[PDB]
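Just protein_8.txt here, compact mmCIF, N, CA and C atoms:
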```txt
# COMPACT_ATOMS: atom_id res chain seq x y z
N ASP D 1 -6.94 -11.37 2.40
CA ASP D 1 -7.62 -10.72 1.22
C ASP D 1 -6.94 -9.42 0.80
N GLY D 2 -6.67 -8.52 1.73
CA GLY D 2 -6.05 -7.27 1.34
C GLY D 2 -5.66 -6.34 2.47
N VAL D 3 -4.73 -5.43 2.21
CA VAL D 3 -4.32 -4.52 3.26
C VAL D 3 -5.30 -3.37 3.47
N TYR D 4 -5.74 -3.24 4.71
CA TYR D 4 -6.69 -2.22 5.08
C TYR D 4 -5.97 -0.92 5.45
N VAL D 5 -6.35 0.19 4.83
CA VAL D 5 -5.69 1.45 5.12
C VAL D 5 -6.16 2.03 6.45
N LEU D 6 -5.20 2.36 7.29
CA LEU D 6 -5.53 2.87 8.60
C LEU D 6 -5.17 4.33 8.76
N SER D 7 -4.20 4.78 7.97
CA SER D 7 -3.74 6.16 8.05
C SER D 7 -2.96 6.55 6.80
N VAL D 8 -2.84 7.86 6.54
CA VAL D 8 -2.08 8.35 5.39
C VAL D 8 -1.36 9.63 5.77
N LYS D 9 -0.03 9.62 5.66
CA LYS D 9 0.77 10.80 6.01
C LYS D 9 0.49 12.01 5.11
N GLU D 10 0.85 13.20 5.59
CA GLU D 10 0.63 14.41 4.82
C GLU D 10 1.73 14.63 3.79
N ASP D 11 2.92 14.12 4.09
CA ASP D 11 4.08 14.27 3.21
C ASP D 11 4.36 13.10 2.27
N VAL D 12 3.31 12.56 1.66
CA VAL D 12 3.47 11.45 0.72
C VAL D 12 2.61 11.67 -0.52
N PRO D 13 2.96 11.00 -1.63
CA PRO D 13 2.20 11.13 -2.87
C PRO D 13 0.72 10.85 -2.66
N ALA D 14 0.41 9.64 -2.22
CA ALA D 14 -0.96 9.23 -1.97
C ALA D 14 -1.60 9.99 -0.81
N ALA D 15 -1.09 11.18 -0.52
CA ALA D 15 -1.62 11.97 0.57
C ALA D 15 -3.11 12.27 0.41
N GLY D 16 -3.61 12.17 -0.81
CA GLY D 16 -5.01 12.46 -1.03
C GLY D 16 -5.65 11.44 -1.93
N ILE D 17 -4.84 10.54 -2.48
CA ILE D 17 -5.34 9.50 -3.36
C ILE D 17 -6.01 8.45 -2.47
N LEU D 18 -5.22 7.82 -1.61
CA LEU D 18 -5.72 6.80 -0.70
C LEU D 18 -6.16 7.41 0.62
N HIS D 19 -7.44 7.25 0.94
CA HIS D 19 -7.96 7.75 2.20
C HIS D 19 -8.11 6.62 3.21
N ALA D 20 -8.12 6.99 4.48
CA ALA D 20 -8.24 6.01 5.54
C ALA D 20 -9.50 5.20 5.31
N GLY D 21 -9.39 3.90 5.57
CA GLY D 21 -10.52 3.00 5.42
C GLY D 21 -10.60 2.34 4.07
N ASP D 22 -9.50 2.31 3.31
CA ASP D 22 -9.55 1.64 2.01
C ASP D 22 -8.94 0.25 2.08
N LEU D 23 -9.18 -0.56 1.06
CA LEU D 23 -8.64 -1.91 1.06
C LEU D 23 -7.84 -2.18 -0.20
N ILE D 24 -6.52 -1.98 -0.12
CA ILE D 24 -5.65 -2.21 -1.27
C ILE D 24 -5.71 -3.69 -1.56
N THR D 25 -6.27 -4.06 -2.72
CA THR D 25 -6.38 -5.47 -3.11
C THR D 25 -5.38 -5.89 -4.19
N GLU D 26 -5.17 -5.02 -5.17
CA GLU D 26 -4.24 -5.30 -6.26
C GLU D 26 -3.04 -4.40 -6.19
N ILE D 27 -1.88 -4.97 -6.51
CA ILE D 27 -0.61 -4.24 -6.54
C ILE D 27 0.08 -4.61 -7.85
N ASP D 28 -0.01 -3.68 -8.80
CA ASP D 28 0.54 -3.87 -10.12
C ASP D 28 -0.01 -5.17 -10.68
N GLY D 29 -1.34 -5.28 -10.64
CA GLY D 29 -2.03 -6.46 -11.15
C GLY D 29 -1.67 -7.73 -10.41
N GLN D 30 -1.13 -7.56 -9.21
CA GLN D 30 -0.76 -8.70 -8.40
C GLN D 30 -1.66 -8.81 -7.16
N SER D 31 -2.25 -9.98 -6.96
CA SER D 31 -3.12 -10.19 -5.81
C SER D 31 -2.30 -10.99 -4.82
N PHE D 32 -2.57 -10.79 -3.54
CA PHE D 32 -1.83 -11.48 -2.51
C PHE D 32 -2.75 -12.06 -1.45
N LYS D 33 -2.39 -13.25 -0.97
CA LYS D 33 -3.18 -13.91 0.06
C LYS D 33 -2.89 -13.23 1.39
N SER D 34 -1.60 -13.14 1.73
CA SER D 34 -1.20 -12.52 2.98
C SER D 34 -0.70 -11.09 2.78
N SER D 35 -0.52 -10.40 3.90
CA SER D 35 -0.05 -9.02 3.90
C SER D 35 1.43 -8.91 3.57
N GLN D 36 2.19 -9.94 3.93
CA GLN D 36 3.62 -9.93 3.66
C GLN D 36 3.95 -9.54 2.22
N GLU D 37 3.41 -10.27 1.25
CA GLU D 37 3.69 -9.97 -0.15
C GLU D 37 3.73 -8.46 -0.38
N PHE D 38 2.61 -7.81 -0.09
CA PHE D 38 2.50 -6.37 -0.25
C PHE D 38 3.77 -5.72 0.29
N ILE D 39 4.22 -6.20 1.44
CA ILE D 39 5.42 -5.69 2.09
C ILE D 39 6.65 -5.96 1.24
N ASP D 40 6.76 -7.19 0.74
CA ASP D 40 7.90 -7.56 -0.08
C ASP D 40 7.91 -6.75 -1.36
N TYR D 41 6.91 -6.95 -2.21
CA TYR D 41 6.83 -6.26 -3.49
C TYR D 41 7.36 -4.84 -3.37
N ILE D 42 6.76 -4.06 -2.48
CA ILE D 42 7.21 -2.69 -2.29
C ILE D 42 8.68 -2.68 -1.89
N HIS D 43 9.01 -3.48 -0.88
CA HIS D 43 10.37 -3.59 -0.37
C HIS D 43 11.41 -3.92 -1.43
N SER D 44 10.94 -4.25 -2.62
CA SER D 44 11.84 -4.59 -3.72
C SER D 44 11.94 -3.41 -4.67
N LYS D 45 10.86 -2.66 -4.82
CA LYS D 45 10.87 -1.52 -5.73
C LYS D 45 11.86 -0.47 -5.25
N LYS D 46 12.13 0.53 -6.09
CA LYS D 46 13.04 1.61 -5.75
C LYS D 46 12.22 2.83 -5.41
N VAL D 47 12.80 3.76 -4.66
CA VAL D 47 12.09 4.98 -4.29
C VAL D 47 11.71 5.76 -5.55
N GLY D 48 10.78 6.71 -5.41
CA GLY D 48 10.36 7.51 -6.54
C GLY D 48 9.68 6.73 -7.66
N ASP D 49 9.62 5.41 -7.53
CA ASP D 49 8.98 4.56 -8.53
C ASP D 49 7.47 4.82 -8.58
N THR D 50 6.80 4.24 -9.56
CA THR D 50 5.37 4.44 -9.73
C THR D 50 4.65 3.11 -9.95
N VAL D 51 4.05 2.58 -8.88
CA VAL D 51 3.32 1.32 -8.96
C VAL D 51 1.83 1.57 -9.11
N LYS D 52 1.13 0.54 -9.57
CA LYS D 52 -0.31 0.58 -9.80
C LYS D 52 -1.05 -0.09 -8.65
N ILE D 53 -1.82 0.73 -7.93
CA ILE D 53 -2.61 0.29 -6.79
C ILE D 53 -4.08 0.33 -7.15
N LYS D 54 -4.78 -0.75 -6.84
CA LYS D 54 -6.21 -0.87 -7.11
C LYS D 54 -6.89 -1.11 -5.77
N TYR D 55 -7.41 -0.04 -5.19
CA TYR D 55 -8.06 -0.13 -3.90
C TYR D 55 -9.57 -0.08 -4.01
N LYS D 56 -10.24 -0.22 -2.87
CA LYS D 56 -11.70 -0.18 -2.80
C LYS D 56 -12.14 0.85 -1.77
N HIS D 57 -12.86 1.88 -2.21
CA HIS D 57 -13.32 2.91 -1.29
C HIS D 57 -14.74 2.58 -0.85
N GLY D 58 -14.88 1.77 0.19
CA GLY D 58 -16.20 1.42 0.65
C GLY D 58 -16.77 0.24 -0.12
N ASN D 59 -16.90 0.39 -1.43
CA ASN D 59 -17.43 -0.69 -2.26
C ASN D 59 -17.27 -0.32 -3.72
N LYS D 60 -16.51 0.75 -3.95
CA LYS D 60 -16.24 1.23 -5.30
C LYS D 60 -14.88 0.67 -5.70
N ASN D 61 -14.80 0.19 -6.93
CA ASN D 61 -13.57 -0.37 -7.48
C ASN D 61 -12.74 0.74 -8.12
N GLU D 62 -11.80 1.27 -7.35
CA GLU D 62 -10.93 2.33 -7.84
C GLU D 62 -9.57 1.77 -8.22
N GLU D 63 -8.64 2.66 -8.51
CA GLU D 63 -7.29 2.29 -8.88
C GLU D 63 -6.51 3.54 -9.24
N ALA D 64 -5.20 3.52 -9.01
CA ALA D 64 -4.36 4.68 -9.30
C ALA D 64 -2.89 4.29 -9.27
N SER D 65 -2.03 5.22 -9.63
CA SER D 65 -0.60 4.96 -9.60
C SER D 65 0.05 5.88 -8.58
N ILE D 66 0.76 5.26 -7.64
CA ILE D 66 1.42 6.00 -6.59
C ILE D 66 2.93 5.93 -6.81
N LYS D 67 3.61 7.00 -6.42
CA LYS D 67 5.05 7.11 -6.53
C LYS D 67 5.64 6.84 -5.15
N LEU D 68 6.29 5.69 -5.00
CA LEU D 68 6.88 5.28 -3.74
C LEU D 68 7.73 6.32 -3.03
N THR D 69 8.30 5.93 -1.89
CA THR D 69 9.14 6.81 -1.10
C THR D 69 9.74 6.05 0.09
N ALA D 70 10.49 6.77 0.92
CA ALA D 70 11.11 6.17 2.09
C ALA D 70 10.21 6.48 3.26
N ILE D 71 9.35 5.52 3.58
CA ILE D 71 8.41 5.65 4.68
C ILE D 71 9.15 5.71 6.01
N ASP D 72 10.45 5.47 5.95
CA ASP D 72 11.29 5.49 7.14
C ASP D 72 12.48 6.41 6.93
N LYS D 73 13.67 5.94 7.30
CA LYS D 73 14.87 6.74 7.15
C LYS D 73 15.95 6.01 6.36
N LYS D 74 15.84 4.69 6.31
CA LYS D 74 16.80 3.87 5.58
C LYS D 74 16.51 3.91 4.09
N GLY D 75 15.62 4.82 3.70
CA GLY D 75 15.25 4.96 2.31
C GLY D 75 14.44 3.80 1.77
N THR D 76 14.00 2.92 2.67
CA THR D 76 13.23 1.76 2.25
C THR D 76 12.06 2.18 1.36
N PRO D 77 11.70 1.31 0.42
CA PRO D 77 10.59 1.58 -0.50
C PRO D 77 9.22 1.28 0.13
N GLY D 78 8.40 2.32 0.24
CA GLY D 78 7.07 2.17 0.82
C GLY D 78 6.01 3.11 0.26
N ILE D 79 4.74 2.85 0.58
CA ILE D 79 3.65 3.69 0.10
C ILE D 79 3.28 4.72 1.13
N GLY D 80 3.56 4.42 2.38
CA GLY D 80 3.28 5.38 3.43
C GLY D 80 1.94 5.30 4.12
N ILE D 81 1.48 4.08 4.32
CA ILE D 81 0.21 3.83 4.98
C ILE D 81 0.48 2.98 6.21
N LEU D 82 -0.56 2.81 7.02
CA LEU D 82 -0.49 1.98 8.20
C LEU D 82 -1.59 0.93 7.98
N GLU D 83 -1.22 -0.33 8.16
CA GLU D 83 -2.13 -1.43 7.98
C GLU D 83 -2.79 -1.81 9.30
N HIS D 84 -3.89 -2.54 9.24
CA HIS D 84 -4.55 -2.94 10.46
C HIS D 84 -3.92 -4.21 11.01
N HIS D 85 -3.34 -5.01 10.13
CA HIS D 85 -2.70 -6.27 10.50
C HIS D 85 -1.50 -6.00 11.40
N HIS D 86 -1.08 -7.00 12.17
CA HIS D 86 0.07 -6.83 13.03
C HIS D 86 1.14 -7.87 12.75
N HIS D 87 2.39 -7.41 12.75
CA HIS D 87 3.56 -8.25 12.51
C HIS D 87 3.47 -8.90 11.14
N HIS D 88 4.34 -9.88 10.92
CA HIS D 88 4.39 -10.60 9.65
C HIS D 88 3.48 -11.83 9.71
N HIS D 89 2.67 -11.92 10.76
CA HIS D 89 1.77 -13.04 10.93
C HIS D 89 0.79 -13.18 9.77
```

What is this structure when it is put down as structure tokens?
Amino acid sequence: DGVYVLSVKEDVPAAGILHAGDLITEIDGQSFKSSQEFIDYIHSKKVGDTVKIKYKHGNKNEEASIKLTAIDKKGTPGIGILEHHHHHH
């Protein structure tokens, strides 16, 4: 159904937009069955980009635009959250 937010770094755009315990359901108007997609989509975008995230805070239908970044060191494109899911399973 969607990626569950587990943590949010201090040095990222969504540092205050997305709070722990949210459920990112839409990604640029794109819904995904598995968690992988979310991983791919981002993994395709470029750093500093601005994607549209539609999350759920408890039960409220929110949404916002986040500016990607290198959640690692290889400059990979990411949002900077930790998911509850494990591996690419």

Selection: 6.5 Å around segment 14-21 of chain D, all atoms listed in the file, excl. self and same-chain fewer than 6 positions, as a PDB file with N, CA and C atoms, keeping the file's coordinate frame:
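Listed below is the output, selection.pdb:
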```pdb
ATOM      1  N   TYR D   4      -5.740  -3.240   4.710  1.00  0.00           N
ATOM      2  CA  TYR D   4      -6.690  -2.220   5.080  1.00  0.00           C
ATOM      3  C   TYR D   4      -5.970  -0.920   5.450  1.00  0.00           C
ATOM      4  N   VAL D   5      -6.350   0.190   4.830  1.00  0.00           N
ATOM      5  CA  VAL D   5      -5.690   1.450   5.120  1.00  0.00           C
ATOM      6  C   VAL D   5      -6.160   2.030   6.450  1.00  0.00           C
ATOM      7  N   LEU D   6      -5.200   2.360   7.290  1.00  0.00           N
ATOM      8  CA  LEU D   6      -5.530   2.870   8.600  1.00  0.00           C
ATOM      9  C   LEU D   6      -5.170   4.330   8.760  1.00  0.00           C
ATOM     10  N   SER D   7      -4.200   4.780   7.970  1.00  0.00           N
ATOM     11  CA  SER D   7      -3.740   6.160   8.050  1.00  0.00           C
ATOM     12  C   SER D   7      -2.960   6.550   6.800  1.00  0.00           C
ATOM     13  N   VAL D   8      -2.840   7.860   6.540  1.00  0.00           N
ATOM     14  CA  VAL D   8      -2.080   8.350   5.390  1.00  0.00           C
ATOM     15  C   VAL D   8      -1.360   9.630   5.770  1.00  0.00           C
ATOM     16  N   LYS D  56     -10.240  -0.220  -2.870  1.00  0.00           N
ATOM     17  CA  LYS D  56     -11.700  -0.180  -2.800  1.00  0.00           C
ATOM     18  C   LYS D  56     -12.140   0.850  -1.770  1.00  0.00           C
ATOM     19  N   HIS D  57     -12.860   1.880  -2.210  1.00  0.00           N
ATOM     20  CA  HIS D  57     -13.320   2.910  -1.290  1.00  0.00           C
ATOM     21  C   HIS D  57     -14.740   2.580  -0.850  1.00  0.00           C
ATOM     22  N   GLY D  58     -14.880   1.770   0.190  1.00  0.00           N
ATOM     23  CA  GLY D  58     -16.200   1.420   0.650  1.00  0.00           C
ATOM     24  C   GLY D  58     -16.770   0.240  -0.120  1.00  0.00           C
ATOM     25  N   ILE D  66       0.760   5.260  -7.640  1.00  0.00           N
ATOM     26  CA  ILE D  66       1.420   6.000  -6.590  1.00  0.00           C
ATOM     27  C   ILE D  66       2.930   5.930  -6.810  1.00  0.00           C
ATOM     28  N   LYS D  67       3.610   7.000  -6.420  1.00  0.00           N
ATOM     29  CA  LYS D  67       5.050   7.110  -6.530  1.00  0.00           C
ATOM     30  C   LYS D  67       5.640   6.840  -5.150  1.00  0.00           C
TER      31      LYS D  67
END
```

If we count only C-alpha atoms and set the cut-off at 8 Å, which residues sit around segment 30-40 of chain D, ignoring sequence neighbours fewer than 2 positions away in its own chain? Please answer as a CSV table (one decimal) with N, CA and C atoms, in the frame of the given file.
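Output contents, as saved in part.csv:
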```
chain,number,residue,atom,x,y,z
D,1,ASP,N,-6.9,-11.4,2.4
D,1,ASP,CA,-7.6,-10.7,1.2
D,1,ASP,C,-6.9,-9.4,0.8
D,2,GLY,N,-6.7,-8.5,1.7
D,2,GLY,CA,-6.0,-7.3,1.3
D,2,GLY,C,-5.7,-6.3,2.5
D,3,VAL,N,-4.7,-5.4,2.2
D,3,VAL,CA,-4.3,-4.5,3.3
D,3,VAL,C,-5.3,-3.4,3.5
D,25,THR,N,-6.3,-4.1,-2.7
D,25,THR,CA,-6.4,-5.5,-3.1
D,25,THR,C,-5.4,-5.9,-4.2
D,26,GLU,N,-5.2,-5.0,-5.2
D,26,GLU,CA,-4.2,-5.3,-6.3
D,26,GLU,C,-3.0,-4.4,-6.2
D,27,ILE,N,-1.9,-5.0,-6.5
D,27,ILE,CA,-0.6,-4.2,-6.5
D,27,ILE,C,0.1,-4.6,-7.8
D,28,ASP,N,0.0,-3.7,-8.8
D,28,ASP,CA,0.5,-3.9,-10.1
D,28,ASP,C,0.0,-5.2,-10.7
D,42,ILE,N,6.8,-4.1,-2.5
D,42,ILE,CA,7.2,-2.7,-2.3
D,42,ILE,C,8.7,-2.7,-1.9
D,43,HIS,N,9.0,-3.5,-0.9
D,43,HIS,CA,10.4,-3.6,-0.4
D,43,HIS,C,11.4,-3.9,-1.4
D,44,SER,N,10.9,-4.2,-2.6
D,44,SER,CA,11.8,-4.6,-3.7
D,44,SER,C,11.9,-3.4,-4.7
D,85,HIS,N,-3.3,-5.0,10.1
D,85,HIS,CA,-2.7,-6.3,10.5
D,85,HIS,C,-1.5,-6.0,11.4
D,88,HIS,N,4.3,-9.9,10.9
D,88,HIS,CA,4.4,-10.6,9.6
D,88,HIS,C,3.5,-11.8,9.7
```

Two-atom distance - atom CA of residue 77 of chain D, atom CA of residue 59 of chain D (Å):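 Here the two named atoms are 28.2 Å from each other.
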
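Across D:45, D:64, D:55, D:9, the tightest approach to residue 23 of chain D is made by D:55 when counting all atoms listed in the file.
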
Interatomic distance (Å, one decimal) between atom CA of residue 53 of chain D and atom CA of residue 29 of chain D: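 One can read the atom CA of residue 53 of chain D to atom CA of residue 29 of chain D distance as 8.1 Å.
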
Coordinates-based distance that separates atom CA of residue 81 of chain D from atom CA of residue 54 of chain D (Å, one decimal):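 Computing it gives 14.5 Å between the two atoms.
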
Long-range neighbours of residue 47 of chain D as a PyMOL selection string, 8 Å cut-off, all atoms listed in the file, 3 positions minimum in chain: chain D and resi 44+50+67-70+75-78

Residue nearest residue 13 of chain D - candidates D:46, D:80, D:72, D:51, atoms counted: only N, CA and C atoms: D:80

Can you take the partial segment 28-45 of chain D, add N, CA, C and O atoms, and return it as a PDB file, keeping the file's coordinate frame?
```pdb
ATOM      1  N   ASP D  28      -0.010  -3.680  -8.800  1.00  0.00           N
ATOM      2  CA  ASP D  28       0.540  -3.870 -10.120  1.00  0.00           C
ATOM      3  C   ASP D  28      -0.010  -5.170 -10.680  1.00  0.00           C
ATOM      4  O   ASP D  28       0.730  -6.048 -11.128  1.00  0.00           O
ATOM      5  N   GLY D  29      -1.340  -5.280 -10.640  1.00  0.00           N
ATOM      6  CA  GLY D  29      -2.030  -6.460 -11.150  1.00  0.00           C
ATOM      7  C   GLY D  29      -1.670  -7.730 -10.410  1.00  0.00           C
ATOM      8  O   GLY D  29      -1.856  -8.838 -10.907  1.00  0.00           O
ATOM      9  N   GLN D  30      -1.130  -7.560  -9.210  1.00  0.00           N
ATOM     10  CA  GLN D  30      -0.760  -8.700  -8.400  1.00  0.00           C
ATOM     11  C   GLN D  30      -1.660  -8.810  -7.160  1.00  0.00           C
ATOM     12  O   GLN D  30      -1.823  -7.851  -6.415  1.00  0.00           O
ATOM     13  N   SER D  31      -2.250  -9.980  -6.960  1.00  0.00           N
ATOM     14  CA  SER D  31      -3.120 -10.190  -5.810  1.00  0.00           C
ATOM     15  C   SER D  31      -2.300 -10.990  -4.820  1.00  0.00           C
ATOM     16  O   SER D  31      -1.445 -11.787  -5.205  1.00  0.00           O
ATOM     17  N   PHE D  32      -2.570 -10.790  -3.540  1.00  0.00           N
ATOM     18  CA  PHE D  32      -1.830 -11.480  -2.510  1.00  0.00           C
ATOM     19  C   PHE D  32      -2.750 -12.060  -1.450  1.00  0.00           C
ATOM     20  O   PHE D  32      -3.748 -11.458  -1.081  1.00  0.00           O
ATOM     21  N   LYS D  33      -2.390 -13.250  -0.970  1.00  0.00           N
ATOM     22  CA  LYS D  33      -3.180 -13.910   0.060  1.00  0.00           C
ATOM     23  C   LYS D  33      -2.890 -13.230   1.390  1.00  0.00           C
ATOM     24  O   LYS D  33      -3.799 -12.781   2.092  1.00  0.00           O
ATOM     25  N   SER D  34      -1.600 -13.140   1.730  1.00  0.00           N
ATOM     26  CA  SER D  34      -1.200 -12.520   2.980  1.00  0.00           C
ATOM     27  C   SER D  34      -0.700 -11.090   2.780  1.00  0.00           C
ATOM     28  O   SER D  34      -0.473 -10.642   1.657  1.00  0.00           O
ATOM     29  N   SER D  35      -0.520 -10.400   3.900  1.00  0.00           N
ATOM     30  CA  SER D  35      -0.050  -9.020   3.900  1.00  0.00           C
ATOM     31  C   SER D  35       1.430  -8.910   3.570  1.00  0.00           C
ATOM     32  O   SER D  35       1.882  -7.918   2.993  1.00  0.00           O
ATOM     33  N   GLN D  36       2.190  -9.940   3.930  1.00  0.00           N
ATOM     34  CA  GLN D  36       3.620  -9.930   3.660  1.00  0.00           C
ATOM     35  C   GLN D  36       3.950  -9.540   2.220  1.00  0.00           C
ATOM     36  O   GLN D  36       4.679  -8.571   2.010  1.00  0.00           O
ATOM     37  N   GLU D  37       3.410 -10.270   1.250  1.00  0.00           N
ATOM     38  CA  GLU D  37       3.690  -9.970  -0.150  1.00  0.00           C
ATOM     39  C   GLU D  37       3.730  -8.460  -0.380  1.00  0.00           C
ATOM     40  O   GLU D  37       4.735  -7.907  -0.806  1.00  0.00           O
ATOM     41  N   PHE D  38       2.610  -7.810  -0.090  1.00  0.00           N
ATOM     42  CA  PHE D  38       2.500  -6.370  -0.250  1.00  0.00           C
ATOM     43  C   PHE D  38       3.770  -5.720   0.290  1.00  0.00           C
ATOM     44  O   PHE D  38       4.344  -4.826  -0.337  1.00  0.00           O
ATOM     45  N   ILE D  39       4.220  -6.200   1.440  1.00  0.00           N
ATOM     46  CA  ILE D  39       5.420  -5.690   2.090  1.00  0.00           C
ATOM     47  C   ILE D  39       6.650  -5.960   1.240  1.00  0.00           C
ATOM     48  O   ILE D  39       7.495  -5.087   1.051  1.00  0.00           O
ATOM     49  N   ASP D  40       6.760  -7.190   0.740  1.00  0.00           N
ATOM     50  CA  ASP D  40       7.900  -7.560  -0.080  1.00  0.00           C
ATOM     51  C   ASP D  40       7.910  -6.750  -1.360  1.00  0.00           C
ATOM     52  O   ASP D  40       8.819  -5.941  -1.576  1.00  0.00           O
ATOM     53  N   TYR D  41       6.910  -6.950  -2.210  1.00  0.00           N
ATOM     54  CA  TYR D  41       6.830  -6.260  -3.490  1.00  0.00           C
ATOM     55  C   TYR D  41       7.360  -4.840  -3.370  1.00  0.00           C
ATOM     56  O   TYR D  41       8.313  -4.472  -4.042  1.00  0.00           O
ATOM     57  N   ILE D  42       6.760  -4.060  -2.480  1.00  0.00           N
ATOM     58  CA  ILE D  42       7.210  -2.690  -2.290  1.00  0.00           C
ATOM     59  C   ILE D  42       8.680  -2.680  -1.890  1.00  0.00           C
ATOM     60  O   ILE D  42       9.487  -1.989  -2.497  1.00  0.00           O
ATOM     61  N   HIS D  43       9.010  -3.480  -0.880  1.00  0.00           N
ATOM     62  CA  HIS D  43      10.370  -3.590  -0.370  1.00  0.00           C
ATOM     63  C   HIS D  43      11.410  -3.920  -1.430  1.00  0.00           C
ATOM     64  O   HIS D  43      12.612  -3.883  -1.165  1.00  0.00           O
ATOM     65  N   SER D  44      10.940  -4.250  -2.620  1.00  0.00           N
ATOM     66  CA  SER D  44      11.840  -4.590  -3.720  1.00  0.00           C
ATOM     67  C   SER D  44      11.940  -3.410  -4.670  1.00  0.00           C
ATOM     68  O   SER D  44      12.987  -3.195  -5.284  1.00  0.00           O
ATOM     69  N   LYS D  45      10.860  -2.660  -4.820  1.00  0.00           N
ATOM     70  CA  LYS D  45      10.870  -1.520  -5.730  1.00  0.00           C
ATOM     71  C   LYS D  45      11.860  -0.470  -5.250  1.00  0.00           C
ATOM     72  O   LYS D  45      12.395  -0.561  -4.150  1.00  0.00           O
TER      73      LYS D  45
END
```
